[PDB]
Structures are given as structure tokens and as C-alpha cells.
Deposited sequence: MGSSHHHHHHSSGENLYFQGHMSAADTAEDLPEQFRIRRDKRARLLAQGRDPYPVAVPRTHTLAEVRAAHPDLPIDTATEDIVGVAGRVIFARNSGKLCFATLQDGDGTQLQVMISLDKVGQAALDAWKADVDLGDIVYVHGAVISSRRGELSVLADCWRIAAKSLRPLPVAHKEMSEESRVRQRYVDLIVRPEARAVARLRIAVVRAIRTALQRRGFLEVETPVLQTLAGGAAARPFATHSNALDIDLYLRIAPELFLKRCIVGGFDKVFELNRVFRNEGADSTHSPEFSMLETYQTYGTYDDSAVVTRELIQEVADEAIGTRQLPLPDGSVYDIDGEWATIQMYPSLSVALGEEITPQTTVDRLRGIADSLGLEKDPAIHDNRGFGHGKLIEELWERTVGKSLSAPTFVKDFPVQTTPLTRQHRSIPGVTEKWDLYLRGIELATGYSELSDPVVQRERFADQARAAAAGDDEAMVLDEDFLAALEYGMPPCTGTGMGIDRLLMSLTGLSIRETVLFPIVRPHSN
């Protein structure tokens, strides 16, 4: 309803030649600056340093001859103004009262004081924008699901949304910084693709009008990233969105930000080292500690070196017998049944369902079954496994790395099989037959990263989801 009483305040301000949506107002300082300038000014004393400030009016104590308002800027830094009868504008006080509701953006200019709390005594004052929707109190405890459909109000009423948003951006800057120190180069590769590949997932397709063909949004950059290595890039990354056309859950969203990373002349040994350094480095730049605090109240130490275990062995110890690349599916399905399609899937599942689940501290698992890794090189010695690792951080499948399958005729097979469950990406292959040097790739969910570091849910790490 009060939506109505508001629309009229605008209407009636238009009529008078008052401006409820100016083009400019001369804000000199943000409130953070007003504060940083004057840390310990003796309270109830005046300094004559003039400023033009603006921001959001949340507190309001309409008080006869003299009003009081909390200005909060968009960062959340709070200042109070004192709208007075005396130091100009009687009718200012009349307009002020009658015109200024809550959530309204409001410039005021004058001299900076403190009082019985830091405030500015206004020579001038003006509206800068006029809300026609009052801010929910916040208790009115906006549900998680309505905070996401209206993030802009969450950002205004809920301090933590401010922190999180800012954090995600700190993390991302930290990551670009980390990889640029190491001489990596950020490339842009296509989001629309004639056949999407680089991972196992159902793409989004869409129709073109230029070409009159369908096109596929990228599930992953890997394949084009590899073309760059062929093309002579030594070290490259890309940080940007992928799209996988499937259902949501606490570690899954259909569109999400994803880091991938190639570095020529190293192996999954080398790329797990970098990976861990990247994450330790990130956490510092952006959280300021490697003892990460969680809601819980507990602390998750990500400091020092991290364990590495092997899939087959580490599984073997857990099921109380030797499992190898050799173990038949009938055998495995039995064991599957004993607990609750084919070999590789059974290994990873049994692993995940016994070992993986039961990890706590940070762990790489490595040496994976070939069947489920059609892009990663075969292990250098151990037969039947590929040079790949997952990284499980606080229980979350954060990241993965490979010694990369650079051999074209092998690679042709890997896909020829896959299919049987039939056109492959024939240019991709062609590019390997030009000659891709020894490289190791990785990738990492920025969202899982934030979760694994903070405990936050996936629908809090992203600014705008649905």
C-alpha cells in the first residue's frame, strides 16, 4: 500500500520543480573518507572542513525543530546528518519531514562534527533518489530464497551480503594475480561451439539465424585451450563461465564460473603443487588466514603440506582386499551390492562412497581408472590408470589435474569407444596431430572454492542465480 503514498511524493515533487532524480549532485567524499579523515575528533566539537556527502537514509528521528538521520553508503559505512531549522531552510525542515521516507538517497553538504557520534551539519541539502518501495526490516527475516530473487535489497539491508560479494571479487582478483606472477596469460576462447566438448555433460543448444544451424554453449574450454598450447602458448589460463545442462544441488549449478589452466613441460605432480599454492595464496590475500573459521565455530586448517593417496590402493585398504585395473565388474557390482554401468564408474563410486566421504583434511587422490578419463595421459608406469588427481577440500570436489593426453591416435580411440554408448571433434584431433607438447591442465570451481573456504552455500556465493 505505502507504495501509493510514495508515488505521490514523487508526483508532487515534479510539480514543484523539485528534482527527485537529479542528473548530478556534488558528492565530494564517501563516508569512509569522512571517517578516515577524522578518527578521534573530540566528541561534541566542530571542525570546519566542508564536504559533500550522499547515501541512504535508514535511521530517521523527526524531532521538532531538528531532525536526525543515519546515512549509510553502499559499502555500509554509516554517517549521521543533522537536518536543522537554524543553519538554513525552515522550509527545508518542512520538506525534509514531508518528503524524505526510508531507503531514500539524500545528499547533504556542510561542516563535519561529532555530537553527544560522527555527523555533518548541512548548509545545503537535496534528494538524489526517491524510493517507491520501503526496505523490509530484515526480520521480516527474508528467506534464503527471496534474498536471492532480490539481492539488491539484501546488499542494502544485510551486512554479510556486502562481505560475500566483496569476498568473491577479492578471491577472483587474488587468483588472476597469483597466475600472472607465474607468467600465465589469460586467453578468451569461444562460448558458442559447433559441438561442445571438454567434459561429460549435456550442453545447452540454441538456434542461429546467420548459419541456420544449432550451436552449443561450452561445457568446458579445455579443447580450445589445448589448441592454444599447440599454437605455442607456454602457460595459459581462462576464468569464465561454463554451462552444463543438468539439475541443481548444493555442489551443482547449470551455469557457474570455472578456472582452467595449462602449463607446458610439467605433470600432474607439478600442477597439484601450483594448485595448492594458489589456494593458500588466495585464502591469504582474501581471508587473511589459513586457519579458516566456519559457522560451526570450528576452524579448518589449510596450512602446511597436503596428503596424496592413490585411488586403487586407498580403496583396497578400505574394502579389505586388492582392487586393481584387473578386477571384473561382476566382482565390483557384488561389492557394490554388499554395501548399497562399468569398471571405471564402479571404482570411483566405491571409492567416493568409502574413502572420499570419510576424508576431512585436504587430500589429493590420484592415479585414476582409464575408462573415465578419456583426455588424460596413461600413467607412466602403472598400467590401467591415468595421471590425474581430484582435490577434496573440506569434503568438496574442488579441482582436478591431468598430465595431458597429447597423443592423437590414442586419443582418437578414447572417443571412438565413448561413442559406442558417430562424429567426433575432427579439428580438435587434427590439432593434436600438429603436435601438442607435454603439458598439465587443471580446473577449479570458483563457487566450490568459496564454499570449501567459508561453509557458504552455492546460492550465496553467486551474486545473481536462479
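Student: If a residue lacks a C-alpha atom here, it counts as unmodelled; so which stretches of the deposited sequence fall into that category?
Tutor: Residues missing from the model, as numbered along the full deposited sequence, span 1-32, 149-150, 375-386, 468-475, 521-526.
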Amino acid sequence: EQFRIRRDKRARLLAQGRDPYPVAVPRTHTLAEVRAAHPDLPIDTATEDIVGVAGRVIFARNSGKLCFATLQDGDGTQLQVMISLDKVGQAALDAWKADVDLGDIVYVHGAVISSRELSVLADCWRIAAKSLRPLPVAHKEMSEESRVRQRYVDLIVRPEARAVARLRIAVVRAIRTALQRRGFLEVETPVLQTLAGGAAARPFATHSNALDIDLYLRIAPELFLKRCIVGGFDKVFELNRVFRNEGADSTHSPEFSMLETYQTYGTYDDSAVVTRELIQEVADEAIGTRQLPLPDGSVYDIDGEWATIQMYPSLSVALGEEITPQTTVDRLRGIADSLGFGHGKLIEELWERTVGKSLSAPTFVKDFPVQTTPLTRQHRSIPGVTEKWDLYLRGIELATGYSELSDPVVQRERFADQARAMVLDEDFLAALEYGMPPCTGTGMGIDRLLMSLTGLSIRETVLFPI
From here on, numbers count along this sequence of modelled residues.
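So that the term is clear: the rigid core is the largest set of C-alpha atoms that superpose within 1.5 Å between two forms.
Student: If the other structures are each fit on the rigid core, which stretch ends up farther away in C-alpha terms in 6 other deposited structures of this protein, 250-258 or 105-113?
Tutor: Result of the core-fitted comparison in 6 other deposited structures of this protein: 250-258 deviates more.
Student: Fitting on the rigid core only, I'd like to know which of the two stretches, 218-226 or 87-95, ends up farther away in Cα terms in 6 other deposited structures of this protein.
Tutor: After the core superposition, the stretch with higher RMS deviation in 6 other deposited structures of this protein is 87-95.
Student: Taking the other compared PDB entries with both flanking residues modelled, is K140 unmodelled in at least a third?
Tutor: Missing in at least a third of the others, so yes.
Student: Tell whether, across the other compared PDB entries, at least a third have no coordinates for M82.
Tutor: Across the other compared entries, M82 is absent from at least a third.
Student: Averaging C-alpha B-factors over each stretch, which comes out higher, 72-80 or 181-189?
Tutor: The stretch with the larger average C-alpha B-factor is 72-80.
Student: Of the two stretches 427-435 and 54-62, which shows the higher Cα B-factor on average in the entry?
Tutor: Higher mean C-alpha B-factor in the PDB entry: 54-62.
Student: Out of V112, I156, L359, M311, which residue has the highest Cα temperature factor in the PDB record?
Tutor: Top of the list by C-alpha B-factor: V112.
Student: Taking the Cα B-factors listed in the entry, which of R333, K130, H379, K226 comes out highest?
Tutor: In this record, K130 carries the highest C-alpha B-factor of the candidates.
Student: Is the Cα B-factor recorded for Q326 in the lowest, middle or highest third of its chain?
Tutor: Middle third of the chain for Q326's C-alpha B-factor.
Student: Compared with the other modelled residues in the chain, in which third is the CA B-factor of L456?
Tutor: CA B-factor rank for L456: lowest third.
Student: Comparing against every modelled residue in the chain, figure out the third that the C-alpha B-factor of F341 lands in (lowest, middle or highest).
Tutor: Answer is highest: the recorded C-alpha B-factor places it there.
Student: Within this chain's modelled residues, let me know which third the CA B factor of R116 belongs to: lowest, middle or highest.
Tutor: Its C-alpha B-factor belongs to the highest third of this chain's values.
Student: What third of its chain's C-alpha B-factors does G443 belong to: lowest, middle or highest?
Tutor: Its C-alpha B-factor belongs to the lowest third of this chain's values.
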